[PDB]
């Protein structure tokens, strides 16, 4: 009973929600479909005080009247999602792993008003979660982490830059001494020569086992959180104008994606037949049987969470698991035999692959599996 429950977190969220003051009866917006994006923007960004946006949504597409408020609302959220999350506009780009999932584009600053647009996006997302509606957008895991104001760590780089991720993993596990590495970008490792110092005089100082974490931190800051800082802060600003920051920290990153993008169920047999196996794992192998038994018995949220750990997101592409993409090119969902039983299973999002040991019992496999889907670090 000391274990996390998503539905409980959700209803608690709801009860804590709807504590507010001086909200009018409704929020009026008249839009034309083709023009929706630029139509919504100046409307929503045009409010005197953000609280108005919390009122029941009254939306009318192209002057159409009388329709069910829920229908027109969810339709609008869908359309406007389709518009915002298109990389065409230059605001967002695709993750290293895998494809459809989005991360912010560091070059979004090309359009000088980009920050305003990010703030707008935050606002409408806030409306989506506030009114209990659904965003069709899906984001890189560190996005959700940054929303919760949580520390960004090496593994989080996995879905940002593959090269950076692998490089920094190697520099983590292996001793940098023999490579004469300094506190500056290394084109040998990172494939780009702009090379500039992370710390003053950095070129002269040598990275060691001692200076490891400092260097990694600086690199992570400069590559990701620094250039993305303004955009993300605008998003969080617009979003927190609706949903309280202290409030949502109830959720971890996965459950948060489940909050914004919603959670559906997942076709099991589909996922099963489209699953590929490695290192001598038959579908008839005992450990595999047990695995799918476990996946079958666990609820929706747990399955989706496992998906989030393996694929890198909660979204299964429409029309099956066969269309599943990862890293560079299309990759099915794969399970590989690795390591000894006392070790926990690991995951690789680039390959959409789950490595698990030959557990000798279904009980053991179960316990280890949930211990994997429930992330408690050590």
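Numbering follows the first chain given and starts at 1.
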Mean Cα B factor from the PDB record: higher for 17-25, or higher for 360-368? 17-25
Which has higher Cα B-factors on average according to the PDB entry: 311-319 or 55-63? 55-63
Tell me, please, which of 190, 240, 94, 118 has the highest C-alpha B factor according to the deposited entry? 190
When you compare the CA B-factors of 108, 103, 203, 254 as listed in the entry, which one comes out on top? 203
Third assignment of residue 195 from its chain's C-alpha B-factors: highest
Looking at the temperature factor on the CA atom of residue 264, which third of the chain's modelled residues does it land in? middle
Taking the entry's C-alpha B-factors for this chain, is residue 301 in the lowest, middle or highest third? lowest
Of the three thirds of its chain by CA temperature factor, lowest, middle or highest, which one includes residue 163? highest
Divide the modelled residues of the chain into thirds by Cα B-factor and specify which third, lowest, middle or highest, holds residue 171. highest
